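The file structure_4.txt comes next; it holds compact mmCIF, N, CA and C atoms.
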# COMPACT_ATOMS: atom_id res chain seq x y z
N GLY A 1 109.03 215.12 207.35
CA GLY A 1 109.65 214.71 206.09
C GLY A 1 109.68 215.86 205.07
N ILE A 2 110.26 215.46 203.93
CA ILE A 2 110.40 216.43 202.82
C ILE A 2 109.05 216.87 202.36
N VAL A 3 108.02 215.99 202.45
CA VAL A 3 106.70 216.50 201.98
C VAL A 3 106.12 217.56 202.87
N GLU A 4 106.32 217.39 204.16
CA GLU A 4 105.80 218.42 205.06
C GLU A 4 106.65 219.67 204.89
N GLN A 5 107.98 219.50 204.76
CA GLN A 5 108.86 220.67 204.65
C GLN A 5 108.74 221.35 203.30
N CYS A 6 108.59 220.63 202.20
CA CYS A 6 108.60 221.44 200.95
C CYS A 6 107.37 221.41 200.10
N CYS A 7 106.45 220.55 200.42
CA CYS A 7 105.20 220.52 199.61
C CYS A 7 104.12 221.19 200.45
N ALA A 8 103.94 220.65 201.66
CA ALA A 8 102.90 221.25 202.56
C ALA A 8 103.32 222.66 202.96
N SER A 9 104.63 222.87 203.10
CA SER A 9 105.09 224.23 203.45
C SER A 9 106.13 224.70 202.43
N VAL A 10 106.60 225.92 202.53
CA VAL A 10 107.60 226.33 201.52
C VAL A 10 108.95 225.76 201.89
N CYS A 11 109.64 225.33 200.85
CA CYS A 11 110.98 224.68 200.94
C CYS A 11 112.10 225.67 200.90
N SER A 12 113.34 225.26 201.17
CA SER A 12 114.47 226.22 201.04
C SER A 12 115.56 225.37 200.39
N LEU A 13 116.71 225.87 200.01
CA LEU A 13 117.81 225.08 199.47
C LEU A 13 118.49 224.30 200.57
N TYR A 14 118.41 224.89 201.75
CA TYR A 14 118.99 224.33 202.96
C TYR A 14 118.33 222.98 203.16
N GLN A 15 117.01 223.00 203.12
CA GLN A 15 116.40 221.68 203.38
C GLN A 15 116.51 220.78 202.19
N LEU A 16 116.48 221.29 200.95
CA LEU A 16 116.59 220.31 199.86
C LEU A 16 117.92 219.62 199.93
N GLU A 17 118.96 220.36 200.27
CA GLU A 17 120.27 219.71 200.25
C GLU A 17 120.42 218.70 201.35
N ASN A 18 119.48 218.58 202.25
CA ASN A 18 119.61 217.56 203.32
C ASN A 18 119.19 216.26 202.62
N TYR A 19 118.60 216.21 201.42
CA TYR A 19 118.26 214.91 200.82
C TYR A 19 119.17 214.47 199.70
N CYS A 20 120.36 215.11 199.61
CA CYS A 20 121.32 214.74 198.56
C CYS A 20 122.20 213.68 199.13
N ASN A 21 122.83 212.79 198.42
CA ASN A 21 123.72 211.78 199.06
C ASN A 21 125.12 212.40 199.22
N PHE B 1 114.47 228.93 192.59
CA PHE B 1 113.27 228.20 192.10
C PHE B 1 112.92 227.10 193.11
N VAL B 2 113.74 227.06 194.14
CA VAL B 2 113.63 226.13 195.26
C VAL B 2 112.72 226.71 196.34
N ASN B 3 112.49 228.03 196.31
CA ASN B 3 111.64 228.62 197.38
C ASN B 3 110.16 228.79 197.07
N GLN B 4 109.53 227.62 197.02
CA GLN B 4 108.08 227.52 196.79
C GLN B 4 107.60 226.18 197.37
N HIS B 5 106.33 225.94 197.06
CA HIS B 5 105.62 224.70 197.48
C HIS B 5 105.99 223.76 196.33
N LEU B 6 106.75 222.73 196.64
CA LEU B 6 107.18 221.80 195.56
C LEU B 6 106.57 220.47 195.90
N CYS B 7 105.71 219.91 195.03
CA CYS B 7 105.12 218.61 195.38
C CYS B 7 105.27 217.62 194.21
N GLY B 8 105.30 216.36 194.62
CA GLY B 8 105.38 215.30 193.60
C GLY B 8 106.51 215.47 192.64
N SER B 9 106.24 215.29 191.34
CA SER B 9 107.29 215.35 190.32
C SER B 9 107.98 216.69 190.41
N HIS B 10 107.29 217.69 190.92
CA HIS B 10 108.01 219.00 190.98
C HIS B 10 109.06 218.96 192.06
N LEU B 11 108.91 218.18 193.10
CA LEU B 11 109.94 218.25 194.15
C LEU B 11 111.05 217.33 193.76
N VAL B 12 110.70 216.25 193.06
CA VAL B 12 111.74 215.31 192.61
C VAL B 12 112.60 216.00 191.58
N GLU B 13 111.98 216.84 190.77
CA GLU B 13 112.81 217.52 189.77
C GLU B 13 113.72 218.48 190.46
N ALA B 14 113.27 219.13 191.55
CA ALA B 14 114.19 220.07 192.22
C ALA B 14 115.32 219.30 192.85
N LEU B 15 115.15 218.16 193.45
CA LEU B 15 116.23 217.39 194.08
C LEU B 15 117.22 217.01 193.03
N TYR B 16 116.71 216.66 191.85
CA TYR B 16 117.55 216.27 190.71
C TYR B 16 118.50 217.35 190.25
N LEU B 17 118.01 218.58 190.13
CA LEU B 17 118.85 219.68 189.67
C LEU B 17 119.80 220.17 190.73
N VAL B 18 119.32 220.24 191.96
CA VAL B 18 120.20 220.79 192.99
C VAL B 18 121.23 219.79 193.37
N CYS B 19 120.79 218.55 193.46
CA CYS B 19 121.72 217.48 193.89
C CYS B 19 122.68 217.17 192.77
N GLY B 20 122.42 217.22 191.48
CA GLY B 20 123.55 216.89 190.55
C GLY B 20 124.05 215.48 190.67
N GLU B 21 125.34 215.24 190.42
CA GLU B 21 125.82 213.84 190.50
C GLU B 21 125.90 213.21 191.87
N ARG B 22 125.65 213.92 192.94
CA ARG B 22 125.70 213.32 194.28
C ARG B 22 124.49 212.40 194.33
N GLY B 23 123.41 212.71 193.63
CA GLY B 23 122.19 211.84 193.70
C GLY B 23 121.34 212.25 194.89
N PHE B 24 120.22 211.61 195.25
CA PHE B 24 119.43 212.07 196.41
C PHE B 24 118.50 210.95 196.87
N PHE B 25 117.74 211.22 197.91
CA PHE B 25 116.78 210.10 198.26
C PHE B 25 115.43 210.76 198.39
N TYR B 26 114.34 210.21 197.92
CA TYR B 26 112.99 210.78 198.00
C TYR B 26 112.21 209.83 198.87
N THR B 27 111.87 210.28 200.06
CA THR B 27 111.12 209.34 200.97
C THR B 27 109.95 210.16 201.44
N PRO B 28 108.87 210.00 200.72
CA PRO B 28 107.66 210.78 201.00
C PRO B 28 106.82 210.39 202.20
N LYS B 29 107.03 209.18 202.67
CA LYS B 29 106.33 208.57 203.79
C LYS B 29 107.08 208.78 205.10
N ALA B 30 107.88 209.83 205.16
CA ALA B 30 108.62 210.09 206.40
C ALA B 30 110.11 210.10 206.10
Kindly return the structure encoded in the file as structure tokens.
Amino acid sequence: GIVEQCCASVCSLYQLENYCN
Amino acid sequence: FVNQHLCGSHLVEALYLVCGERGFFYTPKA
């Protein structure tokens, strides 16, 4: 999930944009 | 400002700015 991808590890814009509608 | 450890309100704020009017979904439990 987003917590493992961007909180537990460093995030990118690539992955943040996977949670936009 | 997206390339760091973003947790809690800090990650929700990043989804908010990057996503804009498209909106987003925050599902921390998977």
Restrict the distance test to all atoms listed in the file, flag each residue of chain B within 6 Å of chain A, and return the flagged residues as a CSV table (one decimal) with N, CA and C atoms, keeping the file's coordinate frame.
chain,number,residue,atom,x,y,z
B,2,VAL,N,113.7,227.1,194.1
B,2,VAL,CA,113.6,226.1,195.3
B,2,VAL,C,112.7,226.7,196.3
B,3,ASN,N,112.5,228.0,196.3
B,3,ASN,CA,111.6,228.6,197.4
B,3,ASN,C,110.2,228.8,197.1
B,4,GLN,N,109.5,227.6,197.0
B,4,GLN,CA,108.1,227.5,196.8
B,4,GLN,C,107.6,226.2,197.4
B,5,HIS,N,106.3,225.9,197.1
B,5,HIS,CA,105.6,224.7,197.5
B,5,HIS,C,106.0,223.8,196.3
B,6,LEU,N,106.8,222.7,196.6
B,6,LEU,CA,107.2,221.8,195.6
B,6,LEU,C,106.6,220.5,195.9
B,7,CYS,N,105.7,219.9,195.0
B,7,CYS,CA,105.1,218.6,195.4
B,7,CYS,C,105.3,217.6,194.2
B,19,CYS,N,120.8,218.6,193.5
B,19,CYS,CA,121.7,217.5,193.9
B,19,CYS,C,122.7,217.2,192.8
B,22,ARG,N,125.6,213.9,192.9
B,22,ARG,CA,125.7,213.3,194.3
B,22,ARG,C,124.5,212.4,194.3
B,23,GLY,N,123.4,212.7,193.6
B,23,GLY,CA,122.2,211.8,193.7
B,23,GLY,C,121.3,212.2,194.9
B,24,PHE,N,120.2,211.6,195.2
B,24,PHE,CA,119.4,212.1,196.4
B,24,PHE,C,118.5,211.0,196.9
B,25,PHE,N,117.7,211.2,197.9
B,25,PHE,CA,116.8,210.1,198.3
B,25,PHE,C,115.4,210.8,198.4
B,27,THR,N,111.9,210.3,200.1
B,27,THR,CA,111.1,209.3,201.0
B,27,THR,C,110.0,210.2,201.4
B,28,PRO,N,108.9,210.0,200.7
B,28,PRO,CA,107.7,210.8,201.0
B,28,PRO,C,106.8,210.4,202.2
B,30,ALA,N,107.9,209.8,205.2
B,30,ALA,CA,108.6,210.1,206.4
B,30,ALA,C,110.1,210.1,206.1
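For the pair atom N of residue 21 (chain B) and atom C of residue 8 (chain B), the separation is 19.0 Å.
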Per DSSP on the backbone, what are the alpha helix (DSSP H) residues of chain A, as a ChimeraX atom specification?
/A:2,13-16
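We find atom C of residue 17 (chain B) and CA of residue 29 (chain B) to be spaced 22.1 Å apart.
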Output, as JSON, the centre and edge lengths in Å (one decimal) of the axis-aligned box that contains all listed atoms of region 16-20 of chain A with 8 Å of margin on each side.
{"center_x": 119.3, "center_y": 217.5, "center_z": 200.9, "size_x": 21.7, "size_y": 23.6, "size_z": 20.8}
